[PDB]
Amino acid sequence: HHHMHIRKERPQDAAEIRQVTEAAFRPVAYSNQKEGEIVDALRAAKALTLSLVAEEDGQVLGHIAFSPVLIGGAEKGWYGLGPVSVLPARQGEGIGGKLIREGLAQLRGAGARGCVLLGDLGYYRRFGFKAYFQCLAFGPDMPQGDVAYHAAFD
């Protein structure tokens, strides 16, 4: 019962998810510390498409959010990945990678057409993202058009 496992969030997790998110982003120099707010706003708007936690000994160690993105104003089965957050002390152990791979697998399994993200130049290549935006297509390549994240992201 000391094993880490990944599962979908439940309503009872909201405070802890936000605590982990805010801890992860607190020292991030370009962060305006809105990532916790964003997750909660996505949830409030029913736009938190997928929300997974990594849990061990009843504690949330990490979290990932996915939400729909519009392309040229249209819903085309594309999602944005983020935020993803792991407790600072438990980073560099593969938790983030496990959350990302599992989240992508669940999106694909539910009929998604692709995922986009903004982030580190090289890290996300291990999940198939290719290069602003990085993109992972589950079928045809990403259709052209302005990418808009949900209003929660501002």
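Residue numbers here begin at 1 and follow the sequence given.
Coordinates are absent for 10 or more residues of the deposited sequence placed between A131 and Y132. Annotation for 25-33 versus 105-113: the higher mean temperature factor (C-alpha) is found in 105-113. Between 142-150 and 9-17, it is 142-150 that carries the larger average Cα temperature factor according to the deposited entry. Taking the deposited Cα B-factors for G122, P88, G94, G62, the highest one is held by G122. Placement of the Cα temperature factor of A74 within the chain: highest third of the modelled residues, per the deposited record.
Ranked by C-alpha B-factor against the other modelled residues of its chain, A47 falls in the middle third. Ranked against the other modelled residues of its chain, the C-alpha B-factor of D57 as given in the entry falls in the highest third.
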